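Observations on chain architecture
Now for the letters of each chain:
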Number of protein chains: 2
Amino acid sequence: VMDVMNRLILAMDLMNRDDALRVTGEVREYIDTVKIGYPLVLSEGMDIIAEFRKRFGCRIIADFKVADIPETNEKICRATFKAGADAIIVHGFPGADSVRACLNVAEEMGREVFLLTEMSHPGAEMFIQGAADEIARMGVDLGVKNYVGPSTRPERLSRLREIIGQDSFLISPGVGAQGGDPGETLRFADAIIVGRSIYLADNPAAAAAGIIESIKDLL
Amino acid sequence: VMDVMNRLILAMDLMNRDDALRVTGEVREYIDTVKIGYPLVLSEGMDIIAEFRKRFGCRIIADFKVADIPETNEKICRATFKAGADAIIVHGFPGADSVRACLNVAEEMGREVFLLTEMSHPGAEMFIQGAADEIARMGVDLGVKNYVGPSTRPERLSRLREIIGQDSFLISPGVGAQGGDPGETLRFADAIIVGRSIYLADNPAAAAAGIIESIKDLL
Ligand SMILES: O=c1ccn([C@@H]2O[C@H](COP(=O)(O)O)[C@@H](O)[C@H]2O)c(=O)[nH]1
Ligand SMILES: O=c1ccn([C@@H]2O[C@H](COP(=O)(O)O)[C@@H](O)[C@H]2O)c(=O)[nH]1
């Protein structure tokens, strides 16, 4: 499994290259894993991934929530891994063939697929939540070993862990800004994803240090 | 609603700038609306939208299938409209708050949201299909005016048309490569989306001219 320093993944969703690099540099002593998404990539280009690798060496998870047909999913994954991402996050809701397409490219390029099963925001309750256990089972059937579930609903996160087993790797967003607690989330997830609580902080380094301090006994 | 020339939208999913530009230029006399997605954008940058605008008299629909939490959706939409997209495609399955976020940005920035309700690929049957009527009804209640539904399932496309009413705008992918028929799809959809059937042809202009000839009585 992926070895995430301090069990803490930075969600770098600032949309200015100067700010994103500066803030990431400010917290670099605390993390070795950065989650980069569309806010940054669509503002500054996919070349930003190589820039992070050059400046920080961190591993890069592309949170692209891939959710297209199989043929197009393959193209998206290929473009993403070509840009230097170590892993990609894929939606499970569009079905098995769409996930398999991503697994195919990941296998070909030696990278990892993370399956997003239940999302962390309130609207996740409308359609995703009722499908989520089945989506996780589908992941297991497909041989998926990396998963994403919601910090905002620890009971749902726990169920996700139950389904996938202790051997699978599980990361969890919704910590801080969305209301999730770092320590409680780490009862079930291998690592927490944290964005705004760090990158909007007046002092991001102190923010990251504070989070890590709060979970010291879990490290 | 947008006035799509020949009821035909080009899905430009080539991943090389030179190829994408060549093919789009070759079919420009038949099409004034181009759908750009992540295969091209992640390969060549969001600057490709401006370049298409510069080279062609074409409106741009960004098929980004936005599927994040509300706050991140806002950022994605902002980045996409800043780059010059006329419209963005958003997934409905993450729920009402996620869709509303996109609508709010679209209203502020004077652009349009298209709601993707049911997808065209076989895997869409697993989770999306069972939610699709309610996703559509949600769209209607949110005041969504533009929709995307599957050419590959005429019965489902027909039901979607019913739900959204005759005044709503409906575009439909899955024509050609995925098995959908141009004429039958236009019984319900205002415009068809066609990718590979055009852009992989020895003569894209002839392929587009051929599709249009086959629906001539519908124009
Ligand atoms: O169910 C999910 C899946 C992914 N994210 C992503 O995780 C990060 C959360 O950031 P923040 O809430 O800590 O700022 C954002 O990049 C967001 O897109 C979620 O918040 N919830
Ligand atoms: O349910 C959907 C929604 C969007 N698309 C998009 O429409 C285009 C279809 O291309 P093609 O099958 O005509 O090549 C691609 O960009 C694809 O991502 C679908 O195929 N199905």
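Residues numbered from 1 in each chain as written, not as in the entry; some residues may be left out. Chains lettered and ligands numbered in written order. Heavy atoms only, no water.

- Structure determination for this PDB entry was carried out by X-ray crystallography, with a resolution of 1.591 Å recorded in the header.

1. Here we look at the overall build of chain A
- A count of helical and extended segments in chain A gives ten helices and eight strands.
- For chain A, whose C-alpha radius of gyration is 16 Å, the value lies close to the compact-globule estimate of 17 Å for 219 residues.
- The C-alpha extent of chain A, read off along each of the three principal axes, is 45 × 35 × 30 Å.
- Evaluated residue by residue, chain A yields a buried proportion of 62% over its 219 residues.
- Long-range pairs, those at least 24 residues apart, make up 67% of the contacts in chain A with a sequence separation of at least 6. (Helix = DSSP H or I, 4+ residues; strand = E, 2+ residues; numbered from the N terminus. Rg over C-alpha atoms; globule rule 2.2 N^0.38 Å. Buried < 20%, exposed > 50% of the residue type's maximum accessible area, 1.4 Å probe, protein only. Contact = heavy atoms within 4.5 Å.)

2. Here's the deal with the site of ligand 2
- Contacts to ligand 2 come from 16 residues, most closely from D68 of chain A together with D13, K35, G195 and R196 of chain B.
- A distance of 2.6 Å is found between an oxygen atom of ligand 2 and a side-chain nitrogen or oxygen belonging to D68 of chain A.
- Contact between ligand 2 and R196 of chain B: an oxygen atom at 2.8 Å from a main-chain N or O atom of the residue.
- Calculation on ligand 2 without its partners gives an accessible area of 470 Å², and the protein chains cover 98% of this total.
- Of the residues that constitute the shell around ligand 2, the class distribution is six nonpolar, four polar and six charged. (Near = heavy atom within 4 Å. Polar contact = N/O pair within 3.5 Å; in protein donor to acceptor, adjacent residues only side chain to side chain. Areas by Shrake-Rupley, 256 points an atom, 1.4 Å probe, with all protein chains shown as cover. Nonpolar A, V, L, I, M, F, W, Y, C, P; charged D, E, K, R; others polar.)

3. Quick look at the relation of the copies chain A and chain B
- Overlaying chain A with chain B gives an RMSD of 0.2 Å, the required rotation being 180° about an axis along which the chain moves by 0.0 Å. Taken together, the rotation and translation relating the two chain copies correspond to the operation of a two-fold axis. Judged by C-alpha distance, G45 of chain A is the residue of chain A that lies nearest the rotation axis, at 2.8 Å.
- Take the interface residues of chain A: 100% of them recur as interface residues in chain B, which is what a same-surface contact looks like. (Least-squares fit on C-alpha atoms.)

4. Some thoughts on the nonpolar core
- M12, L42, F52 and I88 of chain A together with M12, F52 and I88 of chain B are the most contacted members of the largest nonpolar core, which totals 171 residues.
- When near neighbours in sequence (up to four residues on either side) are disregarded, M12 of chain A contacts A20, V23, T24, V34, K35, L40, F52 and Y199 of chain A. (Core = buried A, V, L, I, M, F, W, Y, C linked by side-chain atoms within 4.5 Å.)

5. Brief notes about the site of ligand 1
- Taken together, 16 residues surround ligand 1, and among them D13, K35, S120 and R196 of chain A together with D68 of chain B come closest.
- One of the side-chain nitrogen or oxygen atoms of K35 of chain A is found 2.7 Å away from an oxygen atom of ligand 1.
- The contact in question runs from an oxygen atom of ligand 1 to an N or O atom on the side chain of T72 of chain B, over 3.1 Å.
- Relative to its unbound accessible surface of 460 Å², ligand 1 loses 98% to contact with the protein.
- Residue classes in the shell around ligand 1 are distributed as six nonpolar, four polar and six charged.

6. Observations regarding the pairing of strand β8 (residues 191-194) of chain A
Residue and element names in this part refer to chain A.
- Side chains of β8 alternate between two faces, with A191 and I193 and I192 and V194 buried alike.
- Two strands pair when backbone bridges link them, and strand β1 (residues 8-12) and β8 are joined in this way by three bridges, in the parallel orientation. Paired with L10 across the bridge in β8 is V194.
- Direction of pairing for strand β7 (residues 169-172) relative to β8: parallel, over a ladder of two bridges. Among the inter-strand pairings, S172 is bridged to a residue of β8, identified as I192. (Pairing = 2+ DSSP bridges.)

7. A closer look at the interface of chain A and chain B
- Each partner contributes residues to the interface: chain A has 44 residues there, and chain B has 44 residues.
- Surface buried jointly by chain A and chain B totals about 3400 Å² across both partners, of which 71% is contributed by carbon and sulfur atoms.
- Summed over the three residues of chain A that lose the most area to chain B, namely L42, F93 and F127 of chain A, the buried surface amounts to 21% of that side.
- Summed over the shared surface of chain A and chain B, the result is two salt bridges.
- Between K65 of chain B and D68 of chain A there is a salt bridge, with the nearest N and O atoms lying 2.4 Å from each other.
- Across the chain A-chain B interface, the total number found is 13 residue pairs in polar contact.
- At the level of elements, α2 (38-44), β3 (59-66), α4 (70-82), α5 (96-109), α6 (128-142) and α9 (196-199) of chain A are the ones that each hand at least two residues to the side of chain A that touches chain B.
- A total of seven residues in the side of chain A that touches chain B trace back to one element, the largest contributor, which is α4 of chain A.
- By residue class, the composition of the side of chain A that touches chain B is 25 nonpolar, eleven polar and eight charged. (Buried area = accessible area lost by both parts, 1.4 Å probe. Salt bridge = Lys/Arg side-chain N within 4 Å of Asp/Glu carboxyl O.)

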